[PDB]
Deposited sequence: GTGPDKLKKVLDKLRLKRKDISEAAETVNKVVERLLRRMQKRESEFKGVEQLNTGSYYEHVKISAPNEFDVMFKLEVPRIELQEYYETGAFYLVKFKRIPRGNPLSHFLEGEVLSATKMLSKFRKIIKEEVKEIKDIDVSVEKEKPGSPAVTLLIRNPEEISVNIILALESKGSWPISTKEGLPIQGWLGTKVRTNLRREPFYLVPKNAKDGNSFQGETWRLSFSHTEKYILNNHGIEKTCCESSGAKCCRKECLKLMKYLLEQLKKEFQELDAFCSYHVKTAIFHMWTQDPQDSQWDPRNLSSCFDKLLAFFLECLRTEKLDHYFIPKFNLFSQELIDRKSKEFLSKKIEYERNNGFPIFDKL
């Protein structure tokens, strides 16, 4: 109860899912077409639907869709950027990517800028949908579309490189799903390709325009939809669990707080997604996520997340040495501020869940 009513509020409506997906699929399909037309450099790119809507943890409204446009790049050499584990330079062995080359090195911002120019041109030609292109955001690997379905919808077209080689060594000790999803699943997932998206920092740091960042959105999608230690978890002949509902409630808490308070700008939903992947590793049994224990299940996730904030440690699930909560990324000011806001909501009935 009580948290069940919040989830009722957060539950997406099928009427809205239809209207939104109808428009979104028309726009995405046309953009994917134009990428294959001509001697375009992005010929061959394939679509991958990712993120919370395709993991079924989108909340409130179907107003934001992530879609990777992924391009296989056969012979590629990687160079780690300053032992960060997550950031790389790409290098190469006629070739469509040549215009973005900078002496062996693939420029991310050069690729993205031409990707984006092509997108904007195609968008000019959509005459039956109110759709434009958001101004570029620092740090975004995406070209974001703003659709007015009347209702506002964002579509993030994420540009990605696809390598089918084995994953970079910095992930060797990531994905610690052995006690939970098991060794066969882990091995099979690491047989899948890995992905590189533009870092696009705009900070002024050296190599800024040529650094890429690993993405595991496809793996995360598989894990969200195959999340139980039992194969029948949340299936029609198995037992429902509350894992996704805890992720929804945590996402909602952060979203509500983030739109009230500018102090929380450095925080994003990927921080809560990473924290709950750790909780799912720490508590692997499906019975540690009984729907009847939704309150304490949510409560123990808060407690884990507060400890991550207090101790300033939230390791990337796929790249253990990459701390999303380091000082270099988020001030202790920000963290103590969110720690107190969460602490407050937790001990006063979650008044922010009733906001708006």
{"query": "Ranges missing from the model, given as deposited sequence positions", "finding": "1-4, 98-101"}
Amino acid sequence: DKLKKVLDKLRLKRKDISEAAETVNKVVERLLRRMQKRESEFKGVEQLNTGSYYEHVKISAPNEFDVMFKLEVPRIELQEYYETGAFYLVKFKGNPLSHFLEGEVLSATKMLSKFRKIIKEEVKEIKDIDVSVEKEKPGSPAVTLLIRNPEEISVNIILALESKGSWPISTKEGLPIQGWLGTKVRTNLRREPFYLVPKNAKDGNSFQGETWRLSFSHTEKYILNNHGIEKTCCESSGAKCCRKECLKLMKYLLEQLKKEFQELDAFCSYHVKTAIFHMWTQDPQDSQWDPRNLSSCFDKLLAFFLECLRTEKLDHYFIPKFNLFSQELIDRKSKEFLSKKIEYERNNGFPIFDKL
From here on, numbers count along this sequence of modelled residues.
property: Stretch with the higher entry mean CA B-factor, where the candidates are 124-132 and 251-259; result: 124-132
property: Mean C-alpha temperature factor, higher of 149-157 and 100-108; result: 100-108
property: C-alpha B-factor winner, where the candidates are 28, 301, 330, 68; result: 330
property: Highest-ranked of 77, 192, 235, 286 once sorted by CA temperature factor in the record; result: 77
property: Relative C-alpha B-factor of residue 305, binned into the chain's lowest, middle or highest third; result: middle
property: Position of residue 139 among the chain's modelled residues by C-alpha B-factor, lowest, middle or highest third; result: highest
property: Relative C-alpha B-factor of residue 315, binned into the chain's lowest, middle or highest third; result: middle
property: Modelled-residue ranking by C-alpha temperature factor, third containing residue 35; result: highest
property: Residue 84 by Cα B-factor - lowest, middle or highest third of the modelled chain; result: highest
